[PDB]
Every structure is written in structure tokens, then in C-alpha cells.
Amino acid sequence: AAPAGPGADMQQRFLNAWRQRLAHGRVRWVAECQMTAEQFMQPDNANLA
Amino acid sequence: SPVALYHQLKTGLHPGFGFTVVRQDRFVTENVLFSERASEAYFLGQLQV
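Chains as they are written, first to last, in the authors' numbering: chain D, 492 to 540; chain E, 1032 to 1080.
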């Protein structure tokens, strides 16, 4: 995003306008807790491709 | 609980109880046979068409 205006509520611009789409779907890129052979396996790692 | 037993097992904590693992397995054999002089009194009927 582009930042806009004062920086004070810029965190608050992020928290309120995103909260519906942020809290609903799980993020892809937290896969660090996935193990080594739990990476390449097809179960739970449809993000393989 | 079975919801909790994801986060114990998929992450890698041993959940306090351990398993025995049963599979089936199948093997071809090559069986030798034997018999004595007369084991089967055998019979043959008349053909019909």
C-alpha cells in the first residue's frame, strides 16, 4: 500500500480496514513449523506447487 | 481432544501414549506337494451336451 497522511493512525489504518480479510483466511507463508519431510509430502502442503 | 491431537502430532510432540502398528503383508510361495499311492478314489461321469 501507499502510506497516506500522518503516521500516527497508519497502524490504525491497517488494523481496521484489513481486519475482515486478515482474520478470515490463514496466511500461506507461515509454513516454518512444517517439518522437513512434512514439506514435500502432498498432505497438508497443497502449497507444494 | 482430536482437534488438539493435530497440534501435538503434526508439530512433533509425543502425546503421552504410544502405538502398536499392524499391517497386512502378502507373499507368494512356491509350494511343493506330495501324496501316496492311492489317496483319491476319483470318478468320471458320462458327457452331456
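We treat Cβ as the ideally placed atom computed from N, Cα and C, and that holds for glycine.
Hey, is residue i's beta-carbon within less than 9 Å of any beta-carbon in chain E?
{"i": "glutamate 523 of chain D", "result": "no"}
{"i": "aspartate 500 of chain D", "result": "no"}
Just to make sure I have the definition right: I need the residues of chain D whose C-beta is within less than 7 Å of the C-beta of residue i. Which are they?
{"i": "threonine 1042 of chain E", "result": "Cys524"}
Between residue i and the rest of its own chain, which residues show a CB-CB distance below 8 Å, the 5 nearest in sequence each way excluded?
{"i": "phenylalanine 1058 of chain E", "result": "none"}
{"i": "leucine 1040 of chain E", "result": "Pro1046"}
{"i": "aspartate 535 of chain D", "result": "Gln525 and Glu529"}
{"i": "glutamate 1061 of chain E", "result": "none"}
So the candidates are the options; which of them puts its Cα closest to the Cα of residue i?
{"i": "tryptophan 520 of chain D", "options": "D/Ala537, D/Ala493, D/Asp500 and D/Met501", "result": "D/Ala537"}
{"i": "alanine 522 of chain D", "options": "D/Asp500, D/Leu539 and D/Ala499", "result": "D/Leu539"}
Once the 5 residues before and after residue i are set aside, which same chain residues still bring their CB inside 6 Å of it?
{"i": "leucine 1078 of chain E", "result": "none"}
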